[PDB]
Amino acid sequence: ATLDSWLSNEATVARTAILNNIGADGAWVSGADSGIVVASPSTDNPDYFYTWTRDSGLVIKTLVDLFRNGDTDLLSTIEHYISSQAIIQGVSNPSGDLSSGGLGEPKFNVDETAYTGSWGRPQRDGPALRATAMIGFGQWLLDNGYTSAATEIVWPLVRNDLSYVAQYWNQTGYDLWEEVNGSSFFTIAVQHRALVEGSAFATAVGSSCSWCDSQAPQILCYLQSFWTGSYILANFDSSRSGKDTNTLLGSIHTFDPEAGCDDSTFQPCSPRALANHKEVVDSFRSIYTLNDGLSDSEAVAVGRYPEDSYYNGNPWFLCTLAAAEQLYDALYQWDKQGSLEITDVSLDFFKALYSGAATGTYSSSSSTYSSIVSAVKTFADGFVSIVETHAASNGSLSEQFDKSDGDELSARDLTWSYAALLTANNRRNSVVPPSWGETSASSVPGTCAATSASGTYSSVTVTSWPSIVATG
């Protein structure tokens, strides 16, 4: 259809736009140092001309996955990013130094200097996201015979971030939206993932991560507290409803293609994540004029949380895309398992799309399965069509689009918007990321403990990169 063709062209635009926003040769961000991912080229109203640890880590993980799938030209970009982080980790900033909390700093200036003004800090998701981005590249290096680069450059950088996560996971901080000082779902979810794949990577390079091992099960134990019985609470210490796309992002960014529909890790197809999907998406149905007249079986424009007032509270391209991505992931999981189960917890999600839905197990050859997957795919594509409808004529994607008229607003050419388009398109095409080991990390301890483990910190100096030749 036109969505299919639009997506193919948009994937090309998205890749180009991301590169334009990375220093020091990116066309839109002159001034940014080598390997520095800039959030948006907007220098004023709003000023997003900074580098955030979260946006950078999410964008680089996307590029690493494209690279591993054959986009070999991205090699230099990834190397520059890793080199830049060896420096950033050691930059003294308002959150502290390398070994005293500095790794939790949310953003830095594009020239690698500290941002010293007031900001919601620290944001503890950053080190976890950066670790996940680097581990993926480290895995490729190991697999392709560049052991020294993996052991001497990547591992030591990752070791710093993993130590930060194990030491401070059980402390409050700001959420991914940089507004709530408390304990956040997305953050705890990505931290659990990071420690698990961090331990595997440490073993692979001939080292160890005892703090990853002792803390991962405890983070998972705590993660269970976020389930309210009807949806996933986005944050503790908040007065809001708790319905927030923060939870959809937590699910899609911790999606493991080898995982079943596991409730303990909130996988995309788990009953808990499906129930949550409907609760979150439904919260935007009556608050945006853009959604007027749409039925419960139709996709709608999705924002961050219903109480949002940032730029008056509007839908976000990356949030609308996350709503579609969780469903593409679920379709993949059901297909791989050869069945789909409907439980009392997820019944409402299914009933809204297929009125004949009833609890039970449906094999992939059954009529019910066929009806449900068709309806889910159409629903998911619906979210992507809304994005297509409001993207600029040349493919530009801003941070937000107007709740009433759909015009683009806030930061223009937002790097994260482009990465979210790339991942949603990939999942739609059944292109999935490497597994992180969820199948051996979904067991919940019988008793949760408020605890931590201190790892180790050491400054890394990147002398040089071996002449890596990527072909495939």
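When you see a residue number, it is the position in the sequence shown, counting from 1.
Stretch with the higher entry mean CA B-factor, where the candidates are 115-123 and 296-304: Stretch with the greater average CA B-factor: 296-304.
Residue range whose averaged C-alpha B-factor is higher in the record, 281-289 or 210-218: Here the higher of the two C-alpha B-factor means belongs to 281-289.
Residue with maximal Cα B-factor (values as given in the PDB entry) among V91, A166, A357, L157: Answer for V91, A166, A357, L157: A357, with the highest C-alpha B-factor.
Criterion, highest CA B-factor; candidates, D175, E197, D344, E399: It is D344.
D47, C-alpha B-factor rank within chain (lowest, middle or highest third): Tercile = middle for this residue's CA B-factor.
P434 - which third its CA temperature factor falls in, relative to the rest of the chain: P434: CA B-factor falls in the highest third of its chain.
Third of the chain, ranked by Cα B-factor, where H390 sits: Highest third of the chain for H390's C-alpha B-factor.
Position of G406 among the chain's modelled residues by C-alpha B-factor, lowest, middle or highest third: Ranked within chain, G406 CA B lands in the highest tercile.
Assigned third (lowest, middle, highest) for the C-alpha B factor of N425: Ranked within chain, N425 CA B lands in the middle tercile.
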